[PDB]
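This report concerns only the one structure given below.
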Amino acid sequence: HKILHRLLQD
Amino acid sequence: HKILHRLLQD
Amino acid sequence: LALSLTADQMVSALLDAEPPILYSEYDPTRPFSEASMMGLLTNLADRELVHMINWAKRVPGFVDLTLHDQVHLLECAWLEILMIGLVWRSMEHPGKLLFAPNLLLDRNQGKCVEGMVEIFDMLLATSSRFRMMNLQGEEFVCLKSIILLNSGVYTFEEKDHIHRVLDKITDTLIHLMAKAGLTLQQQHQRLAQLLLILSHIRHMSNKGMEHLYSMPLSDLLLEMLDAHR
Amino acid sequence: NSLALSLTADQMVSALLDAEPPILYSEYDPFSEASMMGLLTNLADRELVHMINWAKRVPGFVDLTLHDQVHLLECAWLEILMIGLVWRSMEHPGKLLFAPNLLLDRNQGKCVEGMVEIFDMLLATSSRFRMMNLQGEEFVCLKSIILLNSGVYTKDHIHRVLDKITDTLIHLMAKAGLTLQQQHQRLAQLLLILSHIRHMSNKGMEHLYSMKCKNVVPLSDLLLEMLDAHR
Ligand SMILES: O=S(=O)(Oc1cccc2ccccc12)[C@@H]1C[C@@H]2O[C@H]1C(c1ccc(O)cc1)=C2c1ccc(O)cc1
Ligand SMILES: O=S(=O)(Oc1cccc2ccccc12)[C@@H]1C[C@@H]2O[C@H]1C(c1ccc(O)cc1)=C2c1ccc(O)cc1
């Protein structure tokens, strides 16, 4: 539910 | 001019 | 003038130039209103601005600046200076902001005003940070006069003279920490920790100013607020 | 325990220089209101992806919880973009090097209302770094400090990493031949500039999330989520 979560995990 | 300039120059 | 003083002479000048802790018009019976709390804060800050103006005149190097530059520096930093004073007064009162000796407010009083509780928490976190750091009054007066000379130095030669005074206050800060028994590494670290807090004080001021305009203010607060809008 | 604290000063510098994001290019093509908004928005949108991977390589940042990482980036992302822009523009007095194919001056900031004021503040910061002869090793320390400091009050691990970067900066100035007085003086000068960089970010963010500026441009969903964080 936040783009920042995904980019920080990839 | 301003109240600020007033008090500073006194 | 200011470049001729020693560090202890610098501390002596700043400490003696300290403004008093003004009292509020708070009636503990009269029920809390976001109009009353606003007025109370506004009446206090407006009276504090008079002492701050005369305080800045006693800051080393400030008189050497032109009348136009003195106006600009106070216009950009007045809320910063009010905040760090409030933060400093509230060190011994965890979870409370001491706006005045007769006016202690916690988080939920800030809820009485819309959008002020977030700034209250940042002020409380700053006050807590000073408490953990065991901030000394000689260090507080150094930081407060740094805010006066730094918060508008890039918003205007004459700016070169201010930087020499700023370096003088840095020498004063290191002098205090070295006298406190701190090691060279501890002096540099504590100096950095203190100046990084001014970035947060700047952040709180910008956010508070953003709420301040889009306003019952006084004629002096209006002319100060107009400089940011 | 965190690995960042066991690193040495030169190891701290080396890791920070190696994590540096690339210098991106703008689109190829006089600027109007929307065209300059689209050019700068597209550039900042692509820089954010490199910034996030750069942040993960800042020593000690990975040791944070995923929430703490999100919060620091949401608070400091525009500050990080500005100190990069200011750094890139050091060699170009009076000009802002957004991209190698995009140099702007004051008059180009005039076709966007309110942006001239912040261009002037950015130009003043860049000229300030130029007169201070700011080195790249000092720059990468300041930018990482911005990442960790700007959202530290909204815990104990971050402050000892900030202490670690401070040791690094002093280690750089002592390595450059500065005296003890010139060391802590220059340290204070660099850290007071961060207060102005914070000020430019707040004034610049204020325009970004204004409903007017919000509706002129296709802001990306990522740029909107970074913007809504400053609710
Ligand atoms: O950031 S604030 O919290 O300001 C506001 C923040 C959020 C909403 C606000 C709405 C109306 C007025 C101020 C608002 C500022 C810090 C402290 O609280 C506010 C405030 C103030 C309020 C009203 C004024 O006319 C002037 C100052 C504060 C203050 C006042 C005096 C001090 O000595 C120390 C701090
Ligand atoms: O402070 S700003 O000027 O903020 C603004 C952003 C958008 C509109 C504005 C209108 C008036 C005044 C300021 C505005 C900002 C700094 C620089 O110029 C802007 C801007 C930017 C513009 C649009 C975006 O979507 C994101 C960033 C800048 C920028 C962009 C990328 C960088 O690497 C460095 C700086």
Segment C:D121-C:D27, extension gain: residue separation times 0.36 nm, minus the distance between their alpha carbons: 31.4 nm
Under the rule a/c < 1.5 gives rounded, and otherwise a/b versus b/c splits prolate from oblate, where does the protein assembly as shown land using the Cα gyration tensor? rounded
Could you tell me whether segment D:166-231 comes out rounded, prolate or oblate from its Cα gyration tensor? Rule is a ≥ b ≥ c as square roots of the eigenvalues, rounded for a/c under 1.5, then prolate if a/b exceeds b/c, otherwise oblate. prolate
Quick calc: nm separation of the 7 Å Cα→Cβ label points for C:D160 and C:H93 -> 4.6 nm
Check chain C and count each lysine pair with an alpha-carbon distance under 18 angstrom, considering only pairs eight or more places apart or from different chains. 8
Return the distance in nm (one decimal) between the two label points of a simple spin-label model at A:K2 and D:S210, each offset 7 Å from Cα along Cα→Cβ. 2.7 nm
When the dipole is taken about the Cα centre of the protein assembly as shown, and only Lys, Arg (+1) and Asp, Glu (-1) are charged at their Cβ, what size is it in debye, to the nearest 20? 500 debye
Sum up the charges of everything whose Cβ sits under 12 Å from the Cβ of C:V11, counting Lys and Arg as +1 and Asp and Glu as -1, but leave C:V11 out. -4
Farthest positive-ward along segment D:70-139 dipole, Cα basis, beta-carbon charges - from D:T125, D:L85, D:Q108: D:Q108
How big is the charge dipole of chain D about its Cα centre, in debye rounded to the nearest 20, if each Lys and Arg gets +1 on its Cβ and each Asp and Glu gets -1 on its Cβ? 480 debye
What net charge do the residues around C:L74 carry, taking every other residue with its C-beta under 12 Å from that of C:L74, with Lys and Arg at +1 and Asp and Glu at -1? -2
Would you work out the charge dipole size for segment D:5-64 about its Cα centre, treating the Cβ of every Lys and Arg as +1 and the Cβ of every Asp and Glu as -1, and quote it to the nearest 20 debye? 200 debye
Cβ-defined net charge surrounding C:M133, 11 Å radius [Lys, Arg +1; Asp, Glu -1]: +2
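All Cβ positions, even for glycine, are placed from backbone atoms using ideal geometry, and neighbour counts span all protein chains on display. Bear in mind these aren't lab numbers, they're just calculated from the coordinates by the rules spelled out.
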